[PDB]
Number of protein chains: 2
Amino acid sequence: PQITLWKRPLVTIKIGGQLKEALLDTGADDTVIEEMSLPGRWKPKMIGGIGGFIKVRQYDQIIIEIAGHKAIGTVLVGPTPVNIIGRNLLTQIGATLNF
Amino acid sequence: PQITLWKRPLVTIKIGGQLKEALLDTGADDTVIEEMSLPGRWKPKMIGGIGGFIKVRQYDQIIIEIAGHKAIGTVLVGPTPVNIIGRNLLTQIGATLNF
Ligand SMILES: CC(=O)N[C@@H](Cc1c[nH]c2ccccc12)C(=O)N[C@H](C(=O)N[C@@H](Cc1ccccc1)[C@H](O)[C@@H](O)[C@@H]1CCCN1C(=O)[C@@H](NC(=O)[C@H](Cc1c[nH]c2ccccc12)NC(C)=O)C(C)C)C(C)C
Ligand SMILES: [Cl-]
Ligand code: NA
């Protein structure tokens, strides 16, 4: 699609068999989702944002669909205020910013 | 332009007579710039995200030139680690996400 920005760029994602809403976020290096169960081992990661840093769980090679596009990559799980699809997965679905 | 997302979408902006680097951020509702002087009255605001909230000053009807494209709107000023161009100005320069 071509997604304009008058509204939040919220799309449906599918992860773990579950549909969720997430923000397509070009300001995010990484993809961060609210607490949920994911398979396998995780590794620690610290991410920084507007209010400081937080610890998240990093899961690699997670199958996730983003607005109907399949991706397989790293998903961080933690106390994010909103599910965020970052550039690691935006690149996998071929997204660009255009003006 | 068409901006791929392999790297952070950082661009040069001009605001308040000053050149700065800022992140084109589709996930941001608002535009937030590091501490600087701007004209007019302001009001305080708390903005949230990863790591919690920071207090900022809200200035209205500010012009920012974003990679050569002028936009006017509300600009927040405060202790952001990264200058952020949010949707309120991305819309004005006709930015879209495409995939
Ligand atoms: C690996 C890593 O940590 N990378 C960082 C980037 C980075 C590199 N060096 C650093 C050094 C220090 C700090 C950060 C970095 C990274 O990618 N961070 C991401 C991140 O937080 N990105 C921000 C942009 C940003 C980048 C860098 C510094 C600060 C901020 C997101 O792109 C950005 O889109 C996030 C997610 C959604 C909204 N939002 C924000 O931070 C914005 N908040 C908003 O737009 C909120 C949204 C909202 C509505 N209702 C709410 C209720 C609760 C909480 C939030 C909300 N609105 C308002 C009005 O507050 C503010 C910029 C205004 C996370 C998600 C991985
Ligand atoms: Cl439009
Ligand atoms: Na599906």
# chains A, B, ... in the order shown; residues from 1 in each chain; ligands from 1
>>> residues_around(residues="residue A:94", least_positions_apart="3", cutoff="7 Å", atoms="only C-alpha atoms", output="list in words")
residues 90 and 91 of chain A; 99 of chain B
>>> select_by_dssp(residues="chain A", states="helix (DSSP H, G or I)", output="list in words")
residues 87, 88, 89 and 90 of chain A
>>> calpha_fit_rmsd(fixed="chain B", moving="chain A")
0.5 Å
>>> closest_residue(among="B:51, B:68, B:17, B:44", to="ligand 1", atoms="only C-alpha atoms and all ligand atoms")
B:51
>>> residues_near_ligand(ligand="ligand 2", cutoff="10 Å", atoms="only C-alpha atoms and all ligand atoms", output="ChimeraX atom specification")
/A:3-6 /B:90-96
>>> residues_near_ligand(ligand="ligand 3", cutoff="10 Å", atoms="only C-alpha atoms and all ligand atoms", output="ChimeraX atom specification")
/A:12-15,17-19,64-70
>>> write_last_selection(atoms="N, CA and C atoms", output="tab-separated table (two decimals), in the first residue's frame")
chain	number	residue	atom	x	y	z
A	12	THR	N	-2.37	-4.45	11.11
A	12	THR	CA	-2.46	-5.72	11.76
A	12	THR	C	-1.23	-6.53	11.50
A	13	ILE	N	-0.74	-7.15	12.56
A	13	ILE	CA	0.34	-8.10	12.45
A	13	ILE	C	-0.17	-9.45	12.95
A	14	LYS	N	0.60	-10.49	12.63
A	14	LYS	CA	0.28	-11.81	13.14
A	14	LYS	C	1.57	-12.38	13.68
A	15	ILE	N	1.54	-12.78	14.93
A	15	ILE	CA	2.71	-13.35	15.54
A	15	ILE	C	2.19	-14.40	16.53
A	17	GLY	N	0.47	-16.84	15.95
A	17	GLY	CA	-0.88	-17.23	15.62
A	17	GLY	C	-1.92	-16.19	15.97
A	18	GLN	N	-1.47	-15.10	16.54
A	18	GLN	CA	-2.38	-14.12	17.09
A	18	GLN	C	-2.31	-12.83	16.28
A	19	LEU	N	-3.46	-12.23	16.05
A	19	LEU	CA	-3.48	-10.93	15.44
A	19	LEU	C	-3.31	-9.85	16.48
A	64	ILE	N	6.60	-13.53	11.58
A	64	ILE	CA	5.65	-12.47	11.86
A	64	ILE	C	5.15	-11.94	10.54
A	65	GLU	N	3.85	-11.77	10.45
A	65	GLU	CA	3.26	-11.15	9.29
A	65	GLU	C	2.92	-9.71	9.62
A	66	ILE	N	3.20	-8.82	8.70
A	66	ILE	CA	3.00	-7.40	8.88
A	66	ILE	C	2.16	-6.88	7.74
A	67	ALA	N	0.93	-6.49	8.00
A	67	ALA	CA	0.00	-6.03	6.97
A	67	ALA	C	-0.05	-7.00	5.82
A	68	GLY	N	-0.04	-8.28	6.11
A	68	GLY	CA	-0.16	-9.34	5.13
A	68	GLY	C	1.13	-9.80	4.47
A	69	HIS	N	2.23	-9.18	4.89
A	69	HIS	CA	3.56	-9.48	4.35
A	69	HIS	C	4.32	-10.32	5.34
A	70	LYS	N	4.87	-11.42	4.86
A	70	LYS	CA	5.60	-12.29	5.77
A	70	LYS	C	7.03	-11.82	5.99
>>> interface_residues(of="chain B", to="chain A", cutoff="9 Å", atoms="only C-alpha atoms", output="number ranges by chain")
B: 1-9, 23-29, 47-54, 79-82, 84, 87-88, 90-91, 93-99
>>> atom_distance(atom1="atom CA of residue B:42", atom2="atom 25 (C, counted along the ligand's line) of ligand 1")
22.5 Å
>>> select_by_dssp(residues="chain A", states="strand (DSSP E or B)", output="VMD selection string")
chain A and resid 2 to 3 10 to 15 18 to 24 32 to 33 43 to 49 52 to 66 69 to 77 84 to 85 96 to 98
>>> atom_distance(atom1="atom 26 (C, counted along the ligand's line) of ligand 1", atom2="atom CA of residue B:11")
13.6 Å
>>> atom_distance(atom1="atom 43 (N, counted along the ligand's line) of ligand 1", atom2="atom CA of residue A:72")
26.1 Å
>>> residues_around(residues="residue A:41", least_positions_apart="6", cutoff="10 Å", atoms="only C-alpha atoms", output="PyMOL selection string")
chain A and resi 57-60
>>> residues_around(residues="residue B:38", least_positions_apart="2", cutoff="7 Å", atoms="only C-alpha atoms", output="MDAnalysis selection string")
chainID B and resid 16 36 40
